[PDB]
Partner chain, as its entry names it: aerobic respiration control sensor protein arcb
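Single chain ahead, written as structure tokens, the form deposited without the partner chain.
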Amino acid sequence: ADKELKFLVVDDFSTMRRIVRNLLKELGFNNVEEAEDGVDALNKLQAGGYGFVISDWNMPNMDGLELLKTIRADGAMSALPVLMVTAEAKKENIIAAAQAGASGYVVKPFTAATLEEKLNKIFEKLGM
């Protein structure tokens, strides 16, 4: 993985988006854009050029699972890595996300080390 990989951080809370953006910055990942819900995110991904998506599970209008299913069904982006963020792990949620294509899942709040760990595990699983 290239430090210039372009990330899309999706959440309806601007403070959480700021947190994620700062943790990526601490790891050396500075090309970050933000979206406020699943629909806003698709508007942006359509622009093209993204390399990785971090999305919260709970968002209005289009939630995390709906955004992920849409990305996996799209011919041009079907392989984009998606890391799902959630406030609480639930077995069913983890299986539904995995079966729909999620590259990994992380429970918030998390630290830079934990994010780094998640990113490395995905990079390794995907051969990046």
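Note that the rigid core is defined as the largest set of C-alphas that superpose within 1.5 Å between two forms. Residue numbers count along the first chain shown, from 1.
Stretches compared: 16-24, 111-119. Higher mean C-alpha B-factor in the entry: 111-119. Looking at mean Cα B-factors across 65-73 and 86-94, the upper value is held by 86-94. Sort the modelled residues of the chain by CA B factor and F29 lands in the middle third. Compared with the other modelled residues of the chain, the Cα B-factor recorded for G48 ranks in the highest third. Looking at the C-alpha B-factors along this chain, the one for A100 belongs to the middle third.
For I54, the recorded CA B-factor ranks within the lowest third of the chain. Only modelled residues enter the ranking. Per the deposited record, the Cα B-factor of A35 falls in the lowest third when ranked against the other modelled residues of its chain.
Keep in mind that the form deposited with the partner chain bound is missing from the display, and what follows is about it.
For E116, no non-hydrogen atom is located within 4.5 Å of the partner chain in the deposited bound form, even though that partner is not displayed.
Of the heavy atoms in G28, none are within 4.5 Å of the partner chain in the deposited bound form. Applying a 4.5 Å heavy atom cutoff to the partner chain in the deposited bound form picks out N58, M59, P60, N61 from 44-64, in order along the sequence. In the core-superposed comparison between this form and the one not shown, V106 has its Cα shifted by less than 2 Å.
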